[PDB]
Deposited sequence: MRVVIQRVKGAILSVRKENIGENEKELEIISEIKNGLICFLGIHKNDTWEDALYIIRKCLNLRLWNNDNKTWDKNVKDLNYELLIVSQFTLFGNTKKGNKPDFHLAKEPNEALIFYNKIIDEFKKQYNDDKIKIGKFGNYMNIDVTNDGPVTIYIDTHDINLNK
């Protein structure tokens, strides 16, 4: 699976527009799910999101993680991360997991995020819906991981 991790002062997530999720300091994680992903692919993303040391702990750089500072996570599902753009300019999403299967996988991932950290600290979107996210990027600090490495 693929993940783009961005570090935020906060994020406001809204749908067609009414705010339906919000977080202060922490991480927005765009989570694309490859169609051949295993529950081991999930665990790698979760371990990494919860544990990656992305904050300066005053005086020592790259030291504290989301759990350490008691920060929040917003997980947004982004199938467009499997938009192959090597052919034309029309991205093709043929590696992406099928929407239904994907929702079931996405959910489990969220359960586990809650099981691994804290369930008040994990926010979400409306899986396959138009969303509008005001993100305050801190740094900014972008982190990419394709677990197929």
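Residues 17-26, 160-164 of the deposited sequence, counted from 1, carry no C-alpha coordinates in the model.
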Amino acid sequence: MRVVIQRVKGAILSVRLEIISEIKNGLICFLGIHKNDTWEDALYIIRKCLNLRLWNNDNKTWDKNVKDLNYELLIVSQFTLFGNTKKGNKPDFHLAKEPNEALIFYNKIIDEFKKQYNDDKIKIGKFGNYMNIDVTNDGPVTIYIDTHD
From here on, numbers count along this sequence of modelled residues.
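Take the two forms, superpose them, and find the largest set of C-alpha atoms that agree within 1.5 Å; that set is the rigid core.
Root-mean-square C-alpha deviation from the shown form, taken over all structures in 8 other deposited structures of this protein superposed by the rigid core, is larger for 56-64 than for the alternative among 56-64 and 102-110. For the two regions 58-66 and 43-51, the entry's Cα B-factors average higher over 58-66. Per-chain ranking of the deposited C-alpha B factor places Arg16 in the highest third. Split the chain's modelled residues into thirds by C-alpha temperature factor. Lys9 is in the lowest one. In the PDB entry, a CA B factor belonging to the lowest third of its chain's modelled residues is recorded for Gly32.
In the deposited entry, the Cα temperature factor of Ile110 sits in the middle third of values across the chain's modelled residues. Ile124: CA B factor in the middle third of modelled residues in this chain (values from the PDB entry).
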